[PDB]
Amino acid sequence: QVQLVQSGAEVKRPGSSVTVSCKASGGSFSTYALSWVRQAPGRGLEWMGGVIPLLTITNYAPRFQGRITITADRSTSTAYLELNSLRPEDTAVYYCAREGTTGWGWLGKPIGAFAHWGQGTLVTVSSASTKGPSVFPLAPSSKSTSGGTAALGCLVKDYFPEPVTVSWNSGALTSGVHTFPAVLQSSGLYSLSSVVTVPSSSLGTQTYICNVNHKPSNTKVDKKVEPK
Amino acid sequence: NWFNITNXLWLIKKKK
Amino acid sequence: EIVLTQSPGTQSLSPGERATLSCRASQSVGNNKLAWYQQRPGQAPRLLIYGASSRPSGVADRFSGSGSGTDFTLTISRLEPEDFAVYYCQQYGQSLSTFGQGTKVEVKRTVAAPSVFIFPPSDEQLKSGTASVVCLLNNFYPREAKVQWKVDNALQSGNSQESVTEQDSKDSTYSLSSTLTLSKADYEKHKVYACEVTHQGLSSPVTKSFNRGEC
């Protein structure tokens, strides 16, 4: 096996300190290197540091040193990444990575590289306040229609934090749907759009509804998009 | 090289 | 600090073909401690290669890694659909490990010009005192598109934002959205609203326009 399970997402504040955990199950823990590797919104992977649980042999990255701590709990096979002086820049997905071993036949002999990963943990660092989105209809008009096709949608605006998930007609509308990655507005809130192309002969003879789901806010709205 | 250490250890545990 | 330089930035080619990704280190990577990971869209990295040459068990033969010292190359021999993702190179030859900025392997198709649709601010939103005009560039290739907002012929400055989907699993196109944001007025003290688009698939820009009324 060798399964790594991280804690739920987190919303911390600038200046705050966050602690993320990783649970290893199905292989030796104390004797294998365990590193943390984050990934900022729309960017690559950055290695932050690691630790060999045995003697708590720690390896920190200069960019983070004197600001980050990495721990192991041999008695519970768990690892901890604590990071303070949180800045909005630190908004990223933090990954727990355990190195692989020669020949999975099985656990035995380190290889340095990270063969095992957690599901990732979203940590958002903002001074903004959690809020569900306002959902406005992108109505089908003569300017959104051409030939036999017509584009409609809905603007999911001013929410926080990530993520939001959209669907159409309770999922009864799959192909033609494009949901764009959210962009960070100046107010510090996110916003995005969900569109879909549909036959235009079916506009009056049909009803289109976008179901929005912002779990971090316990919000679940449904907006009816119809002609202009 | 920090990334090597676990080799030092696996070689000992195997050794004895 | 050792810098891993990955190129090209985006390698675009057809399935069933062979992909060769380049990783060059600013310094000599000791003991050839180099790994290649594959990150598929919404997932976590998947280790493909280590020690430059070594492939774990579970990784398909398609993947081969070579090079040494300061020049490393990842090689997929016959691309499968799932192979179109991002690829990262990491060096662990010294304590401070580092990653390359990554390389995207995109499906190459025939150029397609964006289908431009335009949506006026909903009344529901205007009742809030803020307006948002949306401009959808739908189903185009490549992903490089230029959008420009124009209100009463006046060109626009940093009051719009655009988002781009990832390449489409089904038809390999990209879609983009550009939102212009205003206050009720001055949205109400301007007549026409248009967005013009420049794409490698068009000889002339495409301009979608509407005037406060229709519908």
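Residues numbered from 1 in each chain as written, not as in the entry; some residues may be left out. Chains lettered and ligands numbered in written order. Heavy atoms only, no water. Residues with missing side-chain atoms left out of burial classes, pairs and counts.

As recorded in the PDB header, X-ray crystallography is the method behind this entry, and the stated resolution is 2.912 Å.

Going by the annotation in the PDB entry, the name recorded for chain C is FAB LIGHT CHAIN, with Homo sapiens given as the source organism. Here the PDB entry title reads "Crystal structure of the HIV-1 neutralizing antibody 4E10 Fab fragment in complex with a hydrocarbon-stapled peptide containing the 4e10 epitope on gp41".

As annotated in the PDB entry, chain A carries the name FAB HEAVY CHAIN and comes from Homo sapiens.

Undergrad: Outline the sheet that holds strand β16 (residues 174–183) of chain C, listing residues and values.
TA: All names here are of chain C. One open sheet holds the four strands; their spatial order is β11-β12-β16-β15, and the pairing between them is antiparallel. Pairing within the sheet leaves two strands with one partner each, and these edge strands are β11 (115–119) and β15 (160–164). If you compare each strand with its neighbour and ignore which way they point, the axes differ by 15° on average. Direction of pairing for strand β12 (residues 130–140) relative to β16: antiparallel, over a ladder of nine bridges. Of the residues in β16, the one forming a bridge with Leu 136 is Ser 177. (Pairing = 2+ DSSP bridges. Helix = DSSP H or I, 4+ residues; strand = E, 2+ residues; numbered from the N terminus. Axes fitted to C-alpha atoms, helices over the stretch in contact; angles between N-to-C directions.)

Undergrad: Please give an account of the state of the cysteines that cites residues and values.
TA: Under the criterion given, the structure shown has four disulfides over all chains. Two residues share a disulfide in this structure: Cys 154 of chain A and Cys 210 of chain A, whose sulfurs sit 2.2 Å from each other. The sign of the 135° torsion about the S-S bond sets the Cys 154 of chain A-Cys 210 of chain A disulfide as right-handed. In this pair, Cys 154 of chain A is assigned in strand β14 (residues 149–159) and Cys 210 of chain A in strand β19 (residues 208–213), connecting sequence segments 56 residues apart. Taking the relative accessible area as the measure of exposure, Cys 154 of chain A reaches 0% and is therefore buried. Paired by a disulfide, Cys 135 of chain C and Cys 195 of chain C hold their sulfur atoms 2.3 Å apart. Because the torsion about its S-S bond is 65°, the bridge between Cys 135 of chain C and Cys 195 of chain C counts as right-handed. With a gap of 60 residues between them, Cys 135 of chain C in strand β12 and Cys 195 of chain C in strand β17 (residues 192–199) connect regions that are remote in the sequence. Each disulfide of chain C joins two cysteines, and with those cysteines numbered along the sequence the arrangement is 1-2, 3-4. Here the bonded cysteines of chain A are numbered in sequence order, and their pairing is 1-2, 3-4. (Disulfide = S-S within 2.5 Å. Buried < 20%, exposed > 50% of the residue type's maximum accessible area, 1.4 Å probe, protein only.)

Undergrad: Describe the nonpolar core, and please don't skip the residues or the numbers.
TA: With 48 residues, the main nonpolar core has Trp 36 and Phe 114 of chain A as its most contacted residues. Aside from chain neighbours lying at most four places away, what touches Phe 114 of chain A is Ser 35, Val 37, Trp 47, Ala 97, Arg 98 and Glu 99 of chain A, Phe 3 of chain B together with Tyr 37, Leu 47, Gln 90 and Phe 99 of chain C. Counting 24 residues, the second largest nonpolar core, distinct from the first, contains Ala 25, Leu 34, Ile 49 and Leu 74 of chain C. (Core = buried A, V, L, I, M, F, W, Y, C linked by side-chain atoms within 4.5 Å. Contact = heavy atoms within 4.5 Å.)

Undergrad: Give me the interface of chain B and chain A: which residues, what numbers.
TA: Each side of the interface is counted separately: chain B has seven residues, and chain A has 18 residues. Where chain B abuts chain A, roughly 1100 Å² becomes buried across the two surfaces, and 73% of that area is made up of carbon and sulfur atoms. Contact with chain A buries surface across chain B, with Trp 2, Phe 3 and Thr 6 of chain B losing the most and accounting together for 59% of the total. One can count zero salt bridges joining chain B with chain A. The tally of links between chain B and chain A comes to two residue pairs in polar contact. Tallied by class, the residues present in the side of chain B that touches chain A amount to five nonpolar, two polar and no charged. (Buried area = accessible area lost by both parts, 1.4 Å probe. Salt bridge = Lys/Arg side-chain N within 4 Å of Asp/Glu carboxyl O. Polar contact = N/O pair within 3.5 Å; in protein donor to acceptor, adjacent residues only side chain to side chain. Nonpolar A, V, L, I, M, F, W, Y, C, P; charged D, E, K, R; others polar.)

Undergrad: Describe the packing of aromatic side chains, naming the residues involved and giving the relevant values.
TA: Residue and element names in this part refer to chain C. The full count for this structure, using the stated rule, is 13 aromatic pairs over all chains. Measuring from centroid to centroid gives 5.8 Å for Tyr 193 and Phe 210, while their planes differ by 20°, and the two rings are stacked. Of the two residues, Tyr 193 is situated in strand β17 and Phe 210 in strand β18 (residues 206–211); the sequence distance between them amounts to 17 residues. Each member of the pair, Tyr 193 together with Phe 210, is buried. We note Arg 143 situated over the ring of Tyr 174; from NZ or CZ to the ring centre the distance is 5.9 Å. Against the face of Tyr 187 rests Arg 212, its NZ or CZ located 4.9 Å from the ring centre. (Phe/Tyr/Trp six-rings, centres within 6.5 Å; stacked < 30°, edge-to-face > 60°. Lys NZ or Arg CZ within 6 Å of the ring centre and 35° of its normal.)

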